[PDB]
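Enquirer: work.txt is reproduced in full below (compact mmCIF, C-alpha atoms).
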```
# COMPACT_ATOMS: atom_id res chain seq x y z
CA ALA A 1 -77.64 82.52 110.47
CA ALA A 2 -80.36 84.94 109.39
CA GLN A 3 -80.32 88.75 109.43
CA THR A 4 -83.84 90.11 108.96
CA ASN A 5 -84.52 93.41 107.18
CA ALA A 6 -81.09 93.31 105.61
CA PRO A 7 -80.02 95.63 102.79
CA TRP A 8 -81.43 94.23 99.56
CA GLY A 9 -77.98 93.36 98.21
CA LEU A 10 -77.13 91.14 101.15
CA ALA A 11 -80.47 89.37 100.80
CA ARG A 12 -79.81 89.02 97.08
CA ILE A 13 -76.41 87.36 97.53
CA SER A 14 -77.99 84.55 99.59
CA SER A 15 -81.08 84.05 97.43
CA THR A 16 -82.07 82.27 94.25
CA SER A 17 -84.64 85.06 93.69
CA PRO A 18 -84.91 88.84 93.88
CA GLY A 19 -87.41 90.50 96.16
CA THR A 20 -86.51 89.12 99.58
CA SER A 21 -85.11 90.93 102.59
CA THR A 22 -83.36 88.41 104.86
CA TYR A 23 -79.64 87.65 104.49
CA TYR A 24 -78.69 84.02 105.24
CA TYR A 25 -75.08 83.07 105.87
CA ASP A 26 -72.88 80.63 107.77
CA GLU A 27 -72.07 82.07 111.20
CA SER A 28 -68.32 81.72 110.58
CA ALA A 29 -68.86 85.00 108.69
CA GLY A 30 -65.34 85.31 107.23
CA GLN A 31 -63.58 84.95 110.58
CA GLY A 32 -59.86 84.42 110.07
CA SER A 33 -59.86 86.09 106.65
CA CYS A 34 -58.71 89.60 105.82
CA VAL A 35 -59.94 92.13 103.27
CA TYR A 36 -57.92 95.15 102.18
CA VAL A 37 -60.09 98.06 101.08
CA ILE A 38 -57.91 100.16 98.75
CA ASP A 39 -59.79 103.44 98.61
CA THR A 40 -60.24 106.77 100.46
CA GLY A 41 -59.63 105.18 103.87
CA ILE A 42 -61.95 103.75 106.52
CA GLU A 43 -63.54 105.51 109.53
CA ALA A 44 -62.47 102.61 111.71
CA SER A 45 -64.13 103.97 114.85
CA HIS A 46 -67.58 103.51 113.32
CA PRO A 47 -69.53 101.24 115.72
CA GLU A 48 -70.49 99.10 112.73
CA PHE A 49 -66.88 97.87 112.42
CA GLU A 50 -66.67 96.61 116.04
CA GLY A 51 -62.91 97.09 116.27
CA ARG A 52 -62.29 94.85 113.23
CA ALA A 53 -61.17 97.68 110.94
CA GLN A 54 -57.85 99.47 110.92
CA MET A 55 -55.83 101.68 108.63
CA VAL A 56 -52.52 100.20 107.54
CA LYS A 57 -51.26 102.72 104.96
CA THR A 58 -51.85 106.17 103.55
CA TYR A 59 -50.09 108.17 100.82
CA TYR A 60 -51.55 111.49 102.04
CA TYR A 61 -51.20 113.77 105.06
CA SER A 62 -53.81 111.72 106.97
CA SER A 63 -55.25 108.21 107.08
CA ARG A 64 -58.70 109.66 107.82
CA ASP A 65 -61.50 108.95 105.35
CA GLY A 66 -62.57 112.51 104.62
CA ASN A 67 -64.80 111.39 101.75
CA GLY A 68 -66.98 108.45 102.82
CA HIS A 69 -66.51 106.22 99.76
CA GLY A 70 -63.95 103.92 101.37
CA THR A 71 -65.98 103.66 104.58
CA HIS A 72 -69.06 102.72 102.54
CA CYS A 73 -67.19 100.03 100.61
CA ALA A 74 -65.59 98.65 103.78
CA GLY A 75 -69.05 98.50 105.32
CA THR A 76 -70.36 96.33 102.49
CA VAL A 77 -67.39 93.99 102.90
CA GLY A 78 -67.55 93.58 106.64
CA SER A 79 -69.70 95.81 108.81
CA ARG A 80 -72.00 94.11 111.32
CA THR A 81 -75.25 95.30 109.70
CA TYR A 82 -74.28 96.17 106.13
CA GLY A 83 -71.54 93.63 105.46
CA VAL A 84 -71.29 90.31 103.67
CA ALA A 85 -68.46 88.90 105.88
CA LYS A 86 -69.40 90.15 109.33
CA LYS A 87 -66.34 88.75 111.15
CA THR A 88 -63.56 89.50 108.65
CA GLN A 89 -60.62 91.77 109.47
CA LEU A 90 -60.65 94.98 107.42
CA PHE A 91 -57.45 96.83 106.44
CA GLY A 92 -57.62 100.29 104.90
CA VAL A 93 -55.10 101.49 102.31
CA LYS A 94 -55.70 105.15 101.45
CA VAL A 95 -54.67 105.56 97.81
CA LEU A 96 -57.47 108.06 97.07
CA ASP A 97 -57.61 111.59 98.45
CA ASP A 98 -60.65 113.07 100.16
CA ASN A 99 -62.10 114.11 96.80
CA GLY A 100 -62.03 110.48 95.65
CA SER A 101 -59.10 110.96 93.24
CA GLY A 102 -55.68 109.34 93.06
CA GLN A 103 -52.71 109.20 90.77
CA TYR A 104 -52.11 105.85 89.10
CA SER A 105 -48.57 105.76 90.54
CA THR A 106 -50.04 105.95 94.07
CA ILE A 107 -52.66 103.30 93.29
CA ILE A 108 -49.93 100.99 91.95
CA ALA A 109 -47.82 101.56 95.08
CA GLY A 110 -50.86 100.66 97.17
CA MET A 111 -51.41 97.38 95.35
CA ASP A 112 -47.75 96.40 95.74
CA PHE A 113 -48.05 97.43 99.39
CA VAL A 114 -50.86 94.93 99.96
CA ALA A 115 -48.96 92.11 98.24
CA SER A 116 -46.19 92.54 100.81
CA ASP A 117 -48.16 93.73 103.82
CA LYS A 118 -50.27 90.59 103.98
CA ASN A 119 -47.09 88.93 105.32
CA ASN A 120 -47.40 91.24 108.34
CA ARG A 121 -51.00 90.20 109.09
CA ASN A 122 -52.76 87.13 110.48
CA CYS A 123 -55.12 85.87 107.80
CA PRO A 124 -55.09 82.08 108.12
CA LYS A 125 -58.19 81.68 105.96
CA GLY A 126 -56.95 83.94 103.15
CA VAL A 127 -56.60 87.48 101.87
CA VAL A 128 -58.79 89.58 99.57
CA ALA A 129 -58.37 93.07 98.13
CA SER A 130 -61.31 95.24 97.06
CA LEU A 131 -60.57 97.98 94.49
CA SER A 132 -63.59 100.23 93.95
CA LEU A 133 -61.63 102.54 91.67
CA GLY A 134 -60.35 102.86 88.15
CA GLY A 135 -59.60 105.06 85.18
CA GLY A 136 -58.58 104.73 81.55
CA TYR A 137 -56.59 101.79 80.26
CA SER A 138 -53.10 101.48 81.72
CA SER A 139 -50.90 98.44 81.24
CA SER A 140 -48.95 99.38 84.38
CA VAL A 141 -52.11 99.51 86.53
CA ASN A 142 -53.27 96.18 85.12
CA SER A 143 -49.84 94.64 85.79
CA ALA A 144 -49.95 95.83 89.40
CA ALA A 145 -53.35 94.20 89.85
CA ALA A 146 -52.02 91.04 88.23
CA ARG A 147 -49.04 90.99 90.60
CA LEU A 148 -51.30 91.42 93.62
CA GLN A 149 -53.44 88.48 92.48
CA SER A 150 -50.36 86.37 91.71
CA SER A 151 -49.02 87.03 95.21
CA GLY A 152 -51.96 85.16 96.73
CA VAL A 153 -54.66 87.82 97.15
CA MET A 154 -58.16 87.51 95.70
CA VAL A 155 -58.41 90.81 93.80
CA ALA A 156 -61.89 92.18 93.08
CA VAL A 157 -62.13 95.33 90.96
CA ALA A 158 -64.98 97.56 89.83
CA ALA A 159 -65.94 97.30 86.17
CA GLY A 160 -66.58 101.06 86.00
CA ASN A 161 -69.64 103.29 85.63
CA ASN A 162 -69.41 104.37 81.97
CA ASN A 163 -72.14 102.10 80.53
CA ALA A 164 -69.39 100.95 78.17
CA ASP A 165 -67.08 98.04 77.47
CA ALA A 166 -64.71 97.64 80.42
CA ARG A 167 -61.85 96.71 78.06
CA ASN A 168 -60.93 100.42 77.98
CA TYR A 169 -60.58 100.85 81.76
CA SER A 170 -58.06 99.77 84.39
CA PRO A 171 -57.74 97.74 86.50
CA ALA A 172 -61.13 96.50 85.20
CA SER A 173 -59.56 95.18 81.99
CA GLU A 174 -56.89 93.03 83.67
CA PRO A 175 -57.86 89.43 82.82
CA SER A 176 -56.45 87.75 85.91
CA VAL A 177 -58.45 89.65 88.55
CA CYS A 178 -62.19 89.50 89.28
CA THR A 179 -63.98 92.31 87.41
CA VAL A 180 -67.36 93.12 88.93
CA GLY A 181 -70.38 94.68 87.24
CA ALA A 182 -73.44 96.10 89.03
CA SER A 183 -77.09 95.02 89.18
CA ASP A 184 -80.23 96.50 90.72
CA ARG A 185 -82.90 95.12 93.04
CA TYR A 186 -85.01 93.94 90.08
CA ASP A 187 -82.13 91.92 88.61
CA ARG A 188 -81.48 94.45 85.84
CA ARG A 189 -77.97 95.45 84.85
CA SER A 190 -77.43 98.78 86.62
CA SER A 191 -77.87 101.59 84.10
CA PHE A 192 -74.30 102.86 84.58
CA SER A 193 -72.54 99.50 84.77
CA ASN A 194 -69.79 98.72 82.33
CA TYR A 195 -70.00 95.38 80.54
CA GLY A 196 -68.02 93.21 78.11
CA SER A 197 -66.07 89.97 77.94
CA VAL A 198 -63.69 90.98 80.72
CA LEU A 199 -66.43 91.00 83.37
CA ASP A 200 -66.40 87.91 85.57
CA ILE A 201 -69.46 88.49 87.77
CA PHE A 202 -72.18 90.94 88.80
CA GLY A 203 -73.07 92.04 92.28
CA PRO A 204 -75.62 94.40 93.81
CA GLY A 205 -74.71 97.98 92.95
CA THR A 206 -77.81 100.22 92.74
CA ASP A 207 -79.05 101.79 95.97
CA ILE A 208 -76.70 100.06 98.43
CA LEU A 209 -77.02 101.03 102.09
CA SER A 210 -73.79 101.01 104.07
CA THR A 211 -71.64 102.92 106.56
CA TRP A 212 -70.59 106.52 106.02
CA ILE A 213 -68.30 108.97 107.77
CA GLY A 214 -69.42 110.78 110.86
CA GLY A 215 -70.75 107.54 112.29
CA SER A 216 -73.58 107.60 109.75
CA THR A 217 -75.08 105.53 106.94
CA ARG A 218 -76.27 106.22 103.41
CA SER A 219 -77.32 104.53 100.20
CA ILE A 220 -75.27 105.12 97.04
CA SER A 221 -74.85 103.40 93.68
CA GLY A 222 -71.97 102.22 91.55
CA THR A 223 -69.82 99.33 90.47
CA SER A 224 -67.84 100.52 93.54
CA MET A 225 -70.73 99.12 95.64
CA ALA A 226 -70.93 95.81 93.74
CA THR A 227 -67.18 95.11 94.13
CA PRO A 228 -67.16 94.82 97.96
CA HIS A 229 -70.10 92.41 97.85
CA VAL A 230 -67.87 90.08 95.79
CA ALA A 231 -64.80 90.78 97.96
CA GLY A 232 -66.76 89.98 101.11
CA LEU A 233 -68.24 86.89 99.48
CA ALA A 234 -64.75 85.64 98.62
CA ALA A 235 -63.59 86.15 102.21
CA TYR A 236 -66.66 84.30 103.48
CA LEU A 237 -66.12 81.36 101.10
CA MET A 238 -62.41 81.16 101.94
CA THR A 239 -63.20 80.96 105.67
CA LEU A 240 -65.55 78.08 104.83
CA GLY A 241 -62.71 76.35 102.97
CA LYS A 242 -64.73 76.25 99.75
CA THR A 243 -62.15 78.07 97.61
CA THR A 244 -58.79 79.85 97.67
CA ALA A 245 -57.51 83.27 96.66
CA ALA A 246 -56.28 81.94 93.32
CA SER A 247 -59.60 80.31 92.43
CA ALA A 248 -62.25 82.34 94.24
CA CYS A 249 -63.34 84.41 91.22
CA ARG A 250 -63.80 81.26 89.14
CA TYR A 251 -65.58 79.55 92.04
CA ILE A 252 -67.92 82.52 92.46
CA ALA A 253 -68.67 82.42 88.73
CA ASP A 254 -69.17 78.61 88.86
CA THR A 255 -71.65 78.87 91.74
CA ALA A 256 -73.38 82.11 90.68
CA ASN A 257 -77.03 82.55 89.88
CA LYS A 258 -77.03 82.10 86.11
CA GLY A 259 -79.34 83.74 83.60
CA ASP A 260 -81.22 85.88 86.14
CA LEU A 261 -80.21 89.34 84.97
CA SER A 262 -81.80 91.47 82.27
CA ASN A 263 -80.22 93.96 79.83
CA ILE A 264 -77.00 91.97 79.73
CA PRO A 265 -75.34 92.71 76.35
CA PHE A 266 -74.56 89.80 74.10
CA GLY A 267 -71.13 88.54 75.08
CA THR A 268 -71.22 89.62 78.75
CA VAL A 269 -71.66 86.95 81.42
CA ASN A 270 -75.08 86.62 83.04
CA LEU A 271 -73.79 85.63 86.48
CA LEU A 272 -74.88 87.11 89.82
CA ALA A 273 -72.82 86.51 92.95
CA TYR A 274 -74.44 83.93 95.22
CA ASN A 275 -73.26 82.32 98.46
CA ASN A 276 -75.19 79.06 97.95
CA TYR A 277 -75.80 78.95 101.69
CA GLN A 278 -78.41 76.43 102.71
CA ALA A 279 -79.81 77.31 106.14
```
Please rewrite the model in this file as structure tokens.
Expert:
Amino acid sequence: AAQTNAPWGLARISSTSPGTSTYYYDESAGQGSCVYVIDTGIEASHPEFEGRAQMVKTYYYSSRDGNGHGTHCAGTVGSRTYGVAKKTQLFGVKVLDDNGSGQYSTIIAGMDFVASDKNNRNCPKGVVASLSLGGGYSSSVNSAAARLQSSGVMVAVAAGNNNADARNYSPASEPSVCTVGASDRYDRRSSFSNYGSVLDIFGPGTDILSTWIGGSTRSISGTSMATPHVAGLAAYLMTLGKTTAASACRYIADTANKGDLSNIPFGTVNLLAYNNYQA
């Protein structure tokens, strides 16, 4: 399938080169997979979600996304126009308040929630969790992310936006999950993206158009925007039967565009998420 005039990041994930604008993908589109977006919530009534999004948990007085960040990330995973996996099921877990903040104890509870809650959902092709969040190093946060991965969920986490080594941030620094850096439309490391040995992959993260609250859209930047490209890619590849939750990060790294990015520090992988779809 071909989507013309797609956001640049979707075009990038299905291309061997920068500078194109059509996204190419197998029409299965992540059907039968599920992606949990652990964030500020999802405005599930947005027409872009087509009834495929729902909130499953909040730790606050409402499940409404009063911020936009979680809606934007969910849109990059799975919205009809802005999403990688256009037929996946999206589940919102509101661990972040409407200012974008959350206590680590709430974030941990949300990860353990997903590890169990997947047993209440129909996801025959597999389960992914997208974590566009993080703070300073915490062994307990890393362990929660490790448990979620161990339970059979492909965990994708943002590297962080400190232009620093991700070893000092969590859950970015957990080895067993998929830590995602950000790139721009010219295949440069995004100026804010963290780096280091713990990164597994880069995805598009500068100037990413997606859904926003109030039934709207906007373009924003961050490793938060790169992470859902990888989460959606994993769901898409799992629906195709190409990989599994336990091996999807490694498979994405194995099949990535290699050596295409600039300003990658010595010792950080030069790997850009790629669906290897041949139309």
Enquirer: Counting all atoms listed in the file, figure out which residue out of A:229, A:167, A:46, A:87 gets nearest to residue 14 of chain A.
Expert: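 Of A:229, A:167, A:46, A:87, the one nearest residue 14 of chain A is A:229, counting all atoms listed in the file.
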Enquirer: If you count all atoms listed in the file, which residues fall within 7 Å of residue 78 of chain A, apart from same-chain ones fewer than 3 positions away, as a ChimeraX atom specification?
Expert: /A:74-75,83-88,232
Enquirer: For a quick check of understanding, using all atoms listed in the file, which of A:223, A:161, A:120, A:270 has the smallest distance to residue 200 of chain A?
Expert: A:270
Enquirer: Between A:1, A:145, A:272, A:131, which has the minimum distance to residue 176 of chain A (counting all atoms listed in the file)?
Expert: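 Ranked by minimum distance to residue 176 of chain A, first place goes to A:145.
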Enquirer: Using only C-alpha atoms and a cutoff of 6 Å, can you tell me which residues are near (-62.0, 97.1, 97.4) in the file's coordinates, and write them out as a PDB file with C-alpha atoms, keeping the file's coordinate frame?
Expert:
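File produced: out_29.pdb:
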```pdb
ATOM      1  CA  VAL A  37     -60.090  98.060 101.080  1.00  0.00           C
ATOM      2  CA  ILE A  38     -57.910 100.160  98.750  1.00  0.00           C
ATOM      3  CA  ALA A 129     -58.370  93.070  98.130  1.00  0.00           C
ATOM      4  CA  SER A 130     -61.310  95.240  97.060  1.00  0.00           C
ATOM      5  CA  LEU A 131     -60.570  97.980  94.490  1.00  0.00           C
ATOM      6  CA  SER A 132     -63.590 100.230  93.950  1.00  0.00           C
ATOM      7  CA  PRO A 228     -67.160  94.820  97.960  1.00  0.00           C
TER       8      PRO A 228
END
```
Enquirer: Report, in Å to a single decimal, how far apart atom CA of residue 117 of chain A and atom CA of residue 47 of chain A are.
Expert: 25.6 Å
Enquirer: Please identify all polymer residues within 9 Å of segment 206-214 of chain A, counting all atoms listed in the file, omitting same-chain residues fewer than 2 positions from it, and present them as a ChimeraX atom specification.
Expert: /A:7-9,42-43,46,48,65-76,79,81-83,182-185,190-191,204,216-223,225-226
Enquirer: Check the smallest atom-to-atom distance from each of A:23, A:268, A:89, A:171 to residue 4 of chain A using all atoms listed in the file, then report the winner.
Expert: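 Using all atoms listed in the file, the shortest distance to residue 4 of chain A belongs to A:23.
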Enquirer: Of the residues A:166, A:158, A:148, A:279, which is the one nearest to residue 203 of chain A, using only C-alpha atoms?
Expert: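 Between A:166, A:158, A:148, A:279, the residue approaching residue 203 of chain A most closely is A:158.
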Enquirer: Which value, in Å to one decimal, gives the distance between atom CA of residue 240 of chain A and atom CA of residue 227 of chain A?
Expert: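 So the answer is 20.2 Å.
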Enquirer: From the list A:90, A:146, A:159, A:271, which residue is nearest residue 50 of chain A when using all atoms listed in the file?
Expert: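 Ranked by minimum distance to residue 50 of chain A, first place goes to A:90.
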Enquirer: Provide an axis-aligned box for all listed atoms of segment 260-266 of chain A, padding each side by 6 Å; report its centre and its edge lengths in Å to one decimal, as lines of an AutoDock Vina configuration file.
Expert:
```
center_x = -78.2
center_y = 89.9
center_z = 80.1
size_x = 19.2
size_y = 20.1
size_z = 24.0
```
Enquirer: Would you list the contacts of residue 260 of chain A as a PyMOL selection string, taking every protein, DNA or RNA residue within 10 Å and counting all atoms listed in the file, but skipping same-chain residues closer than 4 positions in sequence?
Expert: chain A and resi 16-18+186-188+256+264+270-272
Enquirer: Every residue with an atom at most 7 Å from (-68.2, 94.1, 78.3) (file coordinates; only C-alpha atoms) is what I'm after, so could you write them as a ChimeraX atom specification?
Expert: /A:164-167,194-199,268
